[PDB]
Structures are given as C-alpha cells and as structure tokens.
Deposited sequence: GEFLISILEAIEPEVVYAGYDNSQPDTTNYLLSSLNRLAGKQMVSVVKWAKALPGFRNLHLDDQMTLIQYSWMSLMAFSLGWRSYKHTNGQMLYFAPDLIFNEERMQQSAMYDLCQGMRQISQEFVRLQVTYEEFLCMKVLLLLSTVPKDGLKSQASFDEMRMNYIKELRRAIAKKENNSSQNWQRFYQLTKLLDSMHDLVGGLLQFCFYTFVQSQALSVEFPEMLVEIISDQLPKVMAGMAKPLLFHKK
C-alpha cells in the first residue's frame, strides 16, 4: 500500500523547454539544465509533501531535507530515466533534452556526466525494479541531515525505518539472496554522496559566478542554493550511510 502510494505520487515527466535551434554552448547547455532543475524542484517539493510521513516533520526539517538532498534526488531520477530509455547509454535529462557524447563534451562537465551515467549503469547491472527505485529515492530525501540534528528527530527516524523496511519488501529468493540485494542496493545509495559532492561543487561554483560566466539559474533554484551553499560550505550536513 505504501509502495502503491509511492507509485501514485511519483511526479510526471518534466520537460526542459529546450530550444534546439540555439547553439549548444556550455552556457546554453548549463543554463538549460538549470532551468530544467527549477521545474523539477517544483515537482520534488510537491512529491515530498505527499510522501507519507513527511508532513509529520517540523516545517524546518522539511525545508532542510529538501535543501540538502535535491541534487541527489534529481541525479538518481536521471539515472533511472537514462536506464529505462537508453539502457544507460545517454543521459535522459528530459524527453526534449537528451545528452549524447557531443553534449557531454560541450557541457564542460563530461566527467560529472559520466559519474551520473555510472548510476544508470548500476541500475542496468542490478536490474533495479521500479519498486526498489521508488523506495530508494525516498531514502535519499532522508539521507543527508544537519550534524546538529532535526527538530522532529523521533518522527524522522521512524519514517526512515519504515521506508527502509518498505525497500526490503520490494526486494523480497531465499533470505541470504535478499540480504545480498539489500547490501548492493544500499551500496548504490551510499555511492550517491561522493557523486553529489562533485555535482554540488560545480553547481555552487557556476552559481557564485552566474553573471560573470553567463550561466543562468531560475529563481526557484537561486533561493534554495543561496541558503544551502553556506550551510554545506560550513560543513553543517552529514550523510546517513548504510555501510562502513
């Protein structure tokens, strides 16, 4: 039922509104992705609010969690779309904006693009199911927290454990085979932190020099990044890992 609910609140595909008549310069590609991110942020916030348990958290905890995990959420979903639509060969940012070798090159962030493609490749290797993906995505929203704790810690812990259990349900082969899959899927979850660290570094860097580098960011993103950046830079957040 919880899983059936996740299927129901899963956001509909978001288009980039990309204009292919324009040259694919780094400035245009990055600005287009930032605009896409803004549109995706709207879907993310709406999705989170509809998530069983999220509403029970303090308003500040809700904002904090979205602020710290939006990049991981979008990168993970990108990995899923690329997996389903291109078997992990291209980055399916949006139906109207798919990154091939050429775009990855002109984006000036080829390596980060490959890091994200590696996620899709893991989905392929493990043949991640839609149910597993849905539960894992919720866990990402609940895997980067303030070092000083949350206001509704108790409720948070309970929520997190519920979705972890839901994930094991999706996984459920004998018990040892289920354990192995839990091990592998949570290894994938933990791997998101390092990738996201690199994604956020370039995001913050281009954000800080948005005007000078002519890389546009929509208001939906500017507000969030403006607040998130200092917190992250000061080392106020920490990951909730599944492995040593």
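Undergrad: Tell me, which runs of residues in the deposited sequence have no coordinates at all?
TA: Gaps vs deposited seq, in order: 1-2, 175-177, 250.
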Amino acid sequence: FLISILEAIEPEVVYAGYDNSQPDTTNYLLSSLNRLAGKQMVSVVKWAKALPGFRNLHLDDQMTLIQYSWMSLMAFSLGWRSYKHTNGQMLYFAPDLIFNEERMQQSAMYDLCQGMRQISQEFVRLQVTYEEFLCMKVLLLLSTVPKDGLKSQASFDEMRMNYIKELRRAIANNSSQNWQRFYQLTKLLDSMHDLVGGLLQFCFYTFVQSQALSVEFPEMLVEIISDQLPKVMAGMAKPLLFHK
From here on, numbers count along this sequence of modelled residues.
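Undergrad: Going by the B-factors listed in the PDB entry, is the mean over the C-alpha atoms higher for 215-223 or for 25-33?
TA: Higher mean C-alpha B-factor in the PDB entry: 215-223.
Undergrad: Highest mean C-alpha temperature factor of the two stretches 113-121 and 151-159, which is it?
TA: 151-159 has the higher mean C-alpha B-factor.
Undergrad: Tell me which of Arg55, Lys187, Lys39, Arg181 tops the list for C-alpha B factor in the record.
TA: Highest C-alpha B-factor among the listed options: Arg55.
Undergrad: For the listed residues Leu200, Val208, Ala50, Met192, which one has the largest C-alpha B-factor as given in the deposited model?
TA: That would be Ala50, according to the entry.
Undergrad: Could you say whether, by C-alpha temperature factor, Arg81 belongs to the lowest, middle or highest third of its chain?
TA: Its C-alpha B-factor belongs to the lowest third of this chain's values.
Undergrad: Ranking the modelled residues of this chain by C-alpha B-factor as given in the entry, is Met63 in the lowest, middle or highest third?
TA: CA B-factor rank for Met63: highest third.
Undergrad: Against its chain's modelled residues, does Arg169's Cα B factor rank lowest, middle or highest third?
TA: Its C-alpha B-factor, which the entry lists for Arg169, ranks in the highest third among residues of this chain.
Undergrad: When the deposited Cα B-factors of this chain's modelled residues are ordered and cut into thirds, is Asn87 in the lowest, the middle or the highest one?
TA: According to the entry, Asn87 has a C-alpha B-factor in the chain's highest third.
Undergrad: Sorting the chain's CA B-factors, does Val44 end up in the lowest, middle or highest third?
TA: CA B-factor rank for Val44: middle third.
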